[PDB]
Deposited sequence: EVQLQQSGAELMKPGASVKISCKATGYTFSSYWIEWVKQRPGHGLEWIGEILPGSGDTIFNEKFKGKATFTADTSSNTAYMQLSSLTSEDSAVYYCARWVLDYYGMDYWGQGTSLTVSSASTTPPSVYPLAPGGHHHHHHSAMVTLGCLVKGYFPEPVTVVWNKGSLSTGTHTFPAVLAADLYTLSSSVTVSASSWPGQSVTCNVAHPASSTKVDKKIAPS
């Protein structure tokens, strides 16, 4: 079975350089061209260039001639793409894909490598309780604001409250992340019983427990 495995997500600072790998298995690596593609939010897909492992021949999209460099090692069946002088415009997901001549296309694709070029520093979040404005059900929540980088984890009552929990996707606001999580429980269980959100932000080794009390 043909497979292309790429290196993991990269976090680089402006001006740095990164080398993304693409390991092939399931076929004769030296016989097929490897294509490199760039996927940047709001910019569709861009072709970077290609390399034929068996000959080492390379062809670049003019635009990337001074940004990318292709290499390959037939002994380890791995292709590599190095990006230099990184800038925020280089932030994107990069893919390698196999081109088959008689197919006239790219059939198998790597899983992609997410590259983030940033100079931002780790920032802990501020955690705030979300109570109703003082039905059979009641919705409580917790706001996790101003943290970087992602992610943060949120549990309710130390994992005891699991059903009815909605941890929403994070969004940016002033260069930082904001997330919220909510739990819907029986109106007869709160405030009659306690509801506490447990927030953790590994990157900053911060842990905050916030009890949701009536307003």
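Deposited positions lacking CA coordinates: Sequence range with no C-alpha atoms is 135-140 alone.
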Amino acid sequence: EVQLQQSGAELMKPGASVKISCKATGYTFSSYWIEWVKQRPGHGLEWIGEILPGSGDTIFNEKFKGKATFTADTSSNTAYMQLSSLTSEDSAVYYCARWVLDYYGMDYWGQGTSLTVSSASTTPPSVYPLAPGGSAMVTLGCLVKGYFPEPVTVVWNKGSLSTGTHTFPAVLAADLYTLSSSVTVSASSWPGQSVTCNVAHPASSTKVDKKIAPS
From here on, numbers count along this sequence of modelled residues.
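73-81 or 135-143, whichever carries the higher mean Cα B-factor: 135-143 has the higher mean C-alpha B-factor.
Higher-B stretch (mean Cα B-factor, as the entry records it), 104-112 or 124-132: Taking the mean C-alpha B-factor of 104-112 and of 124-132, the larger value falls to 124-132.
Residue with maximal Cα B-factor (values as given in the PDB entry) among 55, 28, 61, 160: Highest C-alpha B-factor among the listed options: 160.
34, 48, 173, 170, ranked by C-alpha B-factor: the highest one: Highest C-alpha B-factor among the listed options: 173.
CA B-factor placement of residue 24, once the chain's modelled residues are sorted into thirds: It belongs to the lowest third of the chain when residues are ordered by C-alpha B-factor.
Third of the chain, ranked by Cα B-factor, where residue 68 sits: For residue 68, whose C-alpha B-factor we compare with every modelled residue in the chain, the answer is the lowest third.
Position of residue 181 among the chain's modelled residues by C-alpha B-factor, lowest, middle or highest third: Middle third - that is where residue 181 ends up once the chain's C-alpha B-factors are sorted.
Cα B factor band for residue 4 (lowest, middle or highest third within the chain): Its C-alpha B-factor belongs to the lowest third of this chain's values.
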